[PDB]
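Colleague: Below: one structure in structure tokens.
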Amino acid sequence: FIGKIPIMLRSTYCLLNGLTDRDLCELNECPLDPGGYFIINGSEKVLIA
Amino acid sequence: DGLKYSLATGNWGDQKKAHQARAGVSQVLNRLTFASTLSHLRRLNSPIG
Amino acid sequence: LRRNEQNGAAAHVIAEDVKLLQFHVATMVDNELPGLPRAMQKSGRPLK
DNA sequence: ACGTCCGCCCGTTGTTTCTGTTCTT
DNA sequence: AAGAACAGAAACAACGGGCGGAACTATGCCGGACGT
RNA sequence: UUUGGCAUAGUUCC
């Protein structure tokens with residue numbers, strides 16, 4: 001173990017990857033949320049190209 | 001800590017050398033409207049002063 | 001520097017300490033001289 | 001349970017150079 | 001007809017300071033290791 | 001009935 005790497009939402013290595021809208025609603029996640037941001041200390045971060 | 005700090009503050013580099021580190025990456029996601037969220041997630045930047 | 005000049009130095013410790021004190025006083029007055037160590041205290045933030 | 005060491009403009013000043021004067025041979 | 005030391009003025013190069021006005025939100029951070 | 005600061009980002013108006 002060499003450390004922890006932040007995970008981008010809805011990406012292949014997130015817990016919401018591939019889930020249906022019913023599962024998203026069960027997890028209290030909006031099915032319309034686009035994803036593509038990190039959660040760092042609670043706040044949501046977006047990388048700018 | 002390195003990944004978490006660089007994503008949290010936006011100063012892309014090591015903490016000791018946050019002088020020449022380019023600030024302005026990793027902004028906090030806009031959540032005023034869905035259009036604001038989308039146009040924030042699809043955004044570019046020219047590093048010109 | 002007072003202690004060194006009281007107990008006797010090696011003719012270069014005194015000079016280096018004089019230069020260091022000069023640097024500290026000069027940076028206290030102005031901390032923007034061209035080509036200086038640019039003294040900091042913590043977290044890398046330069047002084048005021 | 002504390003205490004020690006570790007990106008552009010243009011006013012100044014310098015450096016270097018190029019001639020003029022006067023004395024001597 | 002020749003030579004040297006000194007001095008006044010100028011061409012180029014390097015250095016430094018200068019660069020709008022107000023106002024309103026938010027978020028991260030303020031030093032690190034050690035054991036006698 | 002008492003007072004933290006530094007930095008960065010975004011926004012409003014000429």
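Every chain in the structure tokens has a letter given in the order shown (A, B, ...), and although residue numbers restart at 1 in each chain, ligands are simply numbered from 1 in the order shown.
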So which bits of chain A end up strand (DSSP E or B) when you DSSP the backbone, as a PDB file with N, CA, C and O atoms, in the first residue's frame?
Modeller:
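Output below, filename part_16.pdb:
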ATOM      1  N   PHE A  38     -14.243  15.531  -8.720  1.00  0.00           N
ATOM      2  CA  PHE A  38     -13.710  14.863  -7.545  1.00  0.00           C
ATOM      3  C   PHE A  38     -14.356  15.436  -6.294  1.00  0.00           C
ATOM      4  O   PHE A  38     -14.834  16.570  -6.284  1.00  0.00           O
ATOM      5  N   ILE A  39     -14.370  14.639  -5.233  1.00  0.00           N
ATOM      6  CA  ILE A  39     -14.871  15.072  -3.934  1.00  0.00           C
ATOM      7  C   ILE A  39     -13.677  15.122  -2.992  1.00  0.00           C
ATOM      8  O   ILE A  39     -13.194  14.085  -2.529  1.00  0.00           O
ATOM      9  N   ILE A  40     -13.199  16.324  -2.699  1.00  0.00           N
ATOM     10  CA  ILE A  40     -12.022  16.528  -1.869  1.00  0.00           C
ATOM     11  C   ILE A  40     -12.465  17.248  -0.608  1.00  0.00           C
ATOM     12  O   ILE A  40     -12.867  18.416  -0.666  1.00  0.00           O
ATOM     13  N   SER A  43     -15.994  19.138  -0.497  1.00  0.00           N
ATOM     14  CA  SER A  43     -16.281  19.987  -1.642  1.00  0.00           C
ATOM     15  C   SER A  43     -16.020  19.239  -2.943  1.00  0.00           C
ATOM     16  O   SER A  43     -15.311  18.234  -2.983  1.00  0.00           O
ATOM     17  N   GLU A  44     -16.614  19.743  -4.019  1.00  0.00           N
ATOM     18  CA  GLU A  44     -16.546  19.124  -5.336  1.00  0.00           C
ATOM     19  C   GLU A  44     -15.621  19.940  -6.223  1.00  0.00           C
ATOM     20  O   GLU A  44     -15.852  21.132  -6.436  1.00  0.00           O
ATOM     21  N   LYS A  45     -14.593  19.289  -6.757  1.00  0.00           N
ATOM     22  CA  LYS A  45     -13.550  19.947  -7.524  1.00  0.00           C
ATOM     23  C   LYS A  45     -13.659  19.574  -8.995  1.00  0.00           C
ATOM     24  O   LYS A  45     -14.022  18.445  -9.331  1.00  0.00           O
ATOM     25  N   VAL A  46     -13.347  20.525  -9.867  1.00  0.00           N
ATOM     26  CA  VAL A  46     -13.420  20.337 -11.311  1.00  0.00           C
ATOM     27  C   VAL A  46     -12.099  20.780 -11.914  1.00  0.00           C
ATOM     28  O   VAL A  46     -11.683  21.925 -11.719  1.00  0.00           O
TER      29      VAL A  46
END
Colleague: If you run DSSP on the backbone here, which positions in chain C get helix (DSSP H, G or I)? Please write them as a ChimeraX atom specification.
Modeller: /C:2-7,13-29
Colleague: I need the contact residues of chain B against chain F, so if you could list those with any atom within 8 Å, counting only C-alpha atoms (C1' of nucleotides), and return them as a PDB file with N, CA, C and O atoms, in the first residue's frame, that would help.
Modeller:
ATOM      1  N   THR B   9      -6.449  22.918  -3.293  1.00  0.00           N
ATOM      2  CA  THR B   9      -6.134  24.338  -3.399  1.00  0.00           C
ATOM      3  C   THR B   9      -6.135  24.852  -4.828  1.00  0.00           C
ATOM      4  O   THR B   9      -6.524  25.999  -5.063  1.00  0.00           O
ATOM      5  N   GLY B  10      -5.715  24.040  -5.787  1.00  0.00           N
ATOM      6  CA  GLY B  10      -5.624  24.470  -7.160  1.00  0.00           C
ATOM      7  C   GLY B  10      -4.238  24.870  -7.600  1.00  0.00           C
ATOM      8  O   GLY B  10      -4.010  25.027  -8.804  1.00  0.00           O
ATOM      9  N   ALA B  23      -1.736  28.539 -10.519  1.00  0.00           N
ATOM     10  CA  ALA B  23      -3.013  28.488  -9.832  1.00  0.00           C
ATOM     11  C   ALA B  23      -4.144  28.674 -10.828  1.00  0.00           C
ATOM     12  O   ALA B  23      -3.984  29.325 -11.863  1.00  0.00           O
ATOM     13  N   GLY B  24      -5.295  28.094 -10.509  1.00  0.00           N
ATOM     14  CA  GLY B  24      -6.463  28.200 -11.356  1.00  0.00           C
ATOM     15  C   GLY B  24      -6.960  26.891 -11.919  1.00  0.00           C
ATOM     16  O   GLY B  24      -8.014  26.879 -12.564  1.00  0.00           O
ATOM     17  N   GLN B  27     -11.001  24.099  -9.784  1.00  0.00           N
ATOM     18  CA  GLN B  27     -11.940  25.020  -9.166  1.00  0.00           C
ATOM     19  C   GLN B  27     -13.061  24.236  -8.492  1.00  0.00           C
ATOM     20  O   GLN B  27     -13.225  23.036  -8.700  1.00  0.00           O
TER      21      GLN B  27
END
Colleague: Excluding residue 42 in chain B and residues on its chain fewer than 2 positions from it, collect all residues at most 10 Å away from it, counting only C-alpha atoms (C1' of nucleotides), and give them as number ranges by chain.
Modeller: A: 36, 46-49; B: 37-40, 44
Colleague: Could you please take those selected residues and save C-alpha atoms as a PDB file, in the first residue's frame?
Modeller:
ATOM      1  CA  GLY A  36     -16.757  14.134 -13.897  1.00  0.00           C
ATOM      2  CA  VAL A  46     -13.420  20.337 -11.311  1.00  0.00           C
ATOM      3  CA  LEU A  47     -10.220  20.266 -13.336  1.00  0.00           C
ATOM      4  CA  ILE A  48      -9.999  22.949 -16.031  1.00  0.00           C
ATOM      5  CA  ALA A  49      -8.443  22.040 -19.374  1.00  0.00           C
TER       6      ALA A  49
ATOM      7  CA  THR B  37     -22.843  22.884 -13.872  1.00  0.00           C
ATOM      8  CA  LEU B  38     -22.550  21.663 -17.465  1.00  0.00           C
ATOM      9  CA  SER B  39     -20.769  24.768 -18.746  1.00  0.00           C
ATOM     10  CA  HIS B  40     -18.369  24.498 -15.816  1.00  0.00           C
ATOM     11  CA  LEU B  44     -10.985  25.538 -21.257  1.00  0.00           C
TER      12      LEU B  44
END
Colleague: Within 12 Å of chain E, which residues of chain C show up when using only C-alpha atoms (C1' of nucleotides), listed as a list in words?
Modeller: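 Putting it all together, I get residues 32, 33, 34, 41, 42, 43, 44 and 45 of chain C.
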Colleague: Could you take the residues named above and write them with N, CA, C and O atoms, as a PDB file, in the first residue's frame?
Modeller:
ATOM      1  N   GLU C  32      13.047  43.025  -1.071  1.00  0.00           N
ATOM      2  CA  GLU C  32      12.917  42.852  -2.513  1.00  0.00           C
ATOM      3  C   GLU C  32      14.192  43.180  -3.280  1.00  0.00           C
ATOM      4  O   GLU C  32      14.102  43.467  -4.480  1.00  0.00           O
ATOM      5  N   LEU C  33      15.359  43.151  -2.651  1.00  0.00           N
ATOM      6  CA  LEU C  33      16.607  43.457  -3.336  1.00  0.00           C
ATOM      7  C   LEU C  33      16.865  42.453  -4.454  1.00  0.00           C
ATOM      8  O   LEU C  33      16.551  41.266  -4.309  1.00  0.00           O
ATOM      9  N   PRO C  34      17.422  42.890  -5.581  1.00  0.00           N
ATOM     10  CA  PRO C  34      17.720  41.949  -6.668  1.00  0.00           C
ATOM     11  C   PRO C  34      18.857  40.999  -6.325  1.00  0.00           C
ATOM     12  O   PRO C  34      19.975  41.432  -6.027  1.00  0.00           O
ATOM     13  N   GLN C  41       9.751  32.632   6.575  1.00  0.00           N
ATOM     14  CA  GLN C  41       9.634  32.082   7.924  1.00  0.00           C
ATOM     15  C   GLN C  41       9.038  30.681   7.930  1.00  0.00           C
ATOM     16  O   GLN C  41       9.687  29.746   8.411  1.00  0.00           O
ATOM     17  N   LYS C  42       7.834  30.497   7.396  1.00  0.00           N
ATOM     18  CA  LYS C  42       7.158  29.208   7.426  1.00  0.00           C
ATOM     19  C   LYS C  42       6.296  29.088   6.181  1.00  0.00           C
ATOM     20  O   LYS C  42       5.843  30.088   5.618  1.00  0.00           O
ATOM     21  N   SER C  43       6.073  27.846   5.757  1.00  0.00           N
ATOM     22  CA  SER C  43       5.229  27.501   4.617  1.00  0.00           C
ATOM     23  C   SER C  43       5.718  28.107   3.305  1.00  0.00           C
ATOM     24  O   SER C  43       5.010  28.033   2.293  1.00  0.00           O
ATOM     25  N   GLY C  44       6.911  28.699   3.289  1.00  0.00           N
ATOM     26  CA  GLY C  44       7.453  29.307   2.093  1.00  0.00           C
ATOM     27  C   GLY C  44       6.973  30.711   1.799  1.00  0.00           C
ATOM     28  O   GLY C  44       7.320  31.255   0.742  1.00  0.00           O
ATOM     29  N   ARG C  45       6.189  31.317   2.683  1.00  0.00           N
ATOM     30  CA  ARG C  45       5.677  32.656   2.422  1.00  0.00           C
ATOM     31  C   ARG C  45       6.739  33.697   2.757  1.00  0.00           C
ATOM     32  O   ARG C  45       7.252  33.710   3.879  1.00  0.00           O
TER      33      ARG C  45
END
Colleague: Provide as a ChimeraX atom specification the residues of chain B at most 7 Å from chain A, counting only C-alpha atoms.
Modeller: /B:4,8,25-29,41,43-45
Colleague: Go ahead and save the residues from that selection, with C-alpha atoms, as an mmCIF file, in the first residue's frame.
Modeller:
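Below you can see part_33.cif, which holds the result:
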data_model
loop_
_atom_site.group_PDB
_atom_site.id
_atom_site.type_symbol
_atom_site.label_atom_id
_atom_site.label_comp_id
_atom_site.auth_asym_id
_atom_site.auth_seq_id
_atom_site.Cartn_x
_atom_site.Cartn_y
_atom_site.Cartn_z
ATOM 1 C CA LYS B 4 -5.297 15.840 -1.984
ATOM 2 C CA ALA B 8 -7.969 21.053 -2.849
ATOM 3 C CA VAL B 25 -6.768 24.481 -11.998
ATOM 4 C CA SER B 26 -9.208 22.489 -9.849
ATOM 5 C CA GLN B 27 -11.940 25.020 -9.166
ATOM 6 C CA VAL B 28 -14.950 24.290 -6.949
ATOM 7 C CA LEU B 29 -17.925 23.105 -8.976
ATOM 8 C CA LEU B 41 -17.625 20.848 -16.560
ATOM 9 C CA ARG B 43 -14.421 24.567 -19.922
ATOM 10 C CA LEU B 44 -10.985 25.538 -21.257
ATOM 11 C CA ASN B 45 -8.323 28.010 -20.149
#
Colleague: Write out as a PyMOL selection string the residues lying within 10 Å of range 11-25 of chain D, counting only C-alpha atoms (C1' of nucleotides) and excluding same-chain residues fewer than 3 positions away.
Modeller: chain E and resi 2-17
Colleague: Residues of chain E near chain A: apply a cut-off of 12 Å, count only C-alpha atoms (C1' of nucleotides), and supply the list as a PDB file with C-alpha atoms (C1' of nucleotides), in the first residue's frame.
Modeller:
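Generated file (selection.pdb):
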ATOM      1  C1'  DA E  26     -16.540  31.098  -1.611  1.00  0.00           C
ATOM      2  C1'  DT E  27     -12.367  27.807  -0.013  1.00  0.00           C
ATOM      3  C1'  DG E  28      -7.663  26.337   1.757  1.00  0.00           C
TER       4       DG E  28
END
Colleague: Sorted by chain and rising residue number, list the residues of chain B at most 12 Å from chain C (counting only C-alpha atoms), each with its closest atom pair and distance in Å to one decimal, as CSV.
Modeller:
residue,atom,partner,partner_atom,distance
B:14,CA,C:44,CA,11.2
B:15,CA,C:43,CA,7.9
B:16,CA,C:44,CA,6.0
B:17,CA,C:44,CA,7.4
B:18,CA,C:44,CA,8.0
B:19,CA,C:44,CA,8.4
B:20,CA,C:44,CA,11.8
Colleague: Do you have the CA of residue 16 in chain A-CA of residue 29 in chain A distance handy?
Modeller: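 Interatomic distance, CA of residue 16 in chain A to CA of residue 29 in chain A: 8.9 Å.
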Colleague: Quick check, in Å to one decimal: how far apart do CA of residue 17 in chain C and CA of residue 38 in chain C lie?
Modeller: 17.4 Å
Colleague: Tell me, as a list in words, which residues lie within 12 Å of residue 18 in chain E, counting only C-alpha atoms (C1' of nucleotides); anything in the same chain fewer than 4 positions away does not count.
Modeller: residues 8, 9, 10 and 11 of chain D
Colleague: Could you save the residues just selected, with N, CA, C and O atoms (P, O5', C5', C4', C3', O3' and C1' of nucleotides), as a short mmCIF file (atom, residue, chain, number, x, y, z; two decimals), in the first residue's frame?
Modeller:
data_model
loop_
_atom_site.label_atom_id
_atom_site.label_comp_id
_atom_site.auth_asym_id
_atom_site.auth_seq_id
_atom_site.Cartn_x
_atom_site.Cartn_y
_atom_site.Cartn_z
P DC D 8 7.05 41.37 -24.98
"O5'" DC D 8 6.99 42.96 -24.84
"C5'" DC D 8 5.93 43.68 -25.46
"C4'" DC D 8 5.93 45.14 -25.02
"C3'" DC D 8 7.23 45.90 -25.31
"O3'" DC D 8 6.95 47.17 -25.89
"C1'" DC D 8 6.70 46.03 -22.99
P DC D 9 8.13 48.06 -26.52
"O5'" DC D 9 7.80 49.53 -26.00
"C5'" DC D 9 7.22 49.70 -24.71
"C4'" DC D 9 7.36 51.13 -24.22
"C3'" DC D 9 8.63 51.85 -24.64
"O3'" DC D 9 8.40 53.25 -24.79
"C1'" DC D 9 8.70 51.32 -22.29
P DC D 10 9.55 54.20 -25.36
"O5'" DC D 10 10.29 54.74 -24.05
"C5'" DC D 10 9.54 55.41 -23.04
"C4'" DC D 10 10.40 55.65 -21.81
"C3'" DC D 10 11.78 56.25 -22.09
"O3'" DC D 10 12.15 57.18 -21.08
"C1'" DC D 10 12.04 54.25 -20.94
P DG D 11 11.64 58.70 -21.13
"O5'" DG D 11 12.04 59.27 -19.68
"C5'" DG D 11 13.41 59.37 -19.31
"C4'" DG D 11 13.61 59.00 -17.85
"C3'" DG D 11 14.96 59.40 -17.26
"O3'" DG D 11 14.85 59.67 -15.87
"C1'" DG D 11 14.82 57.04 -17.36
#
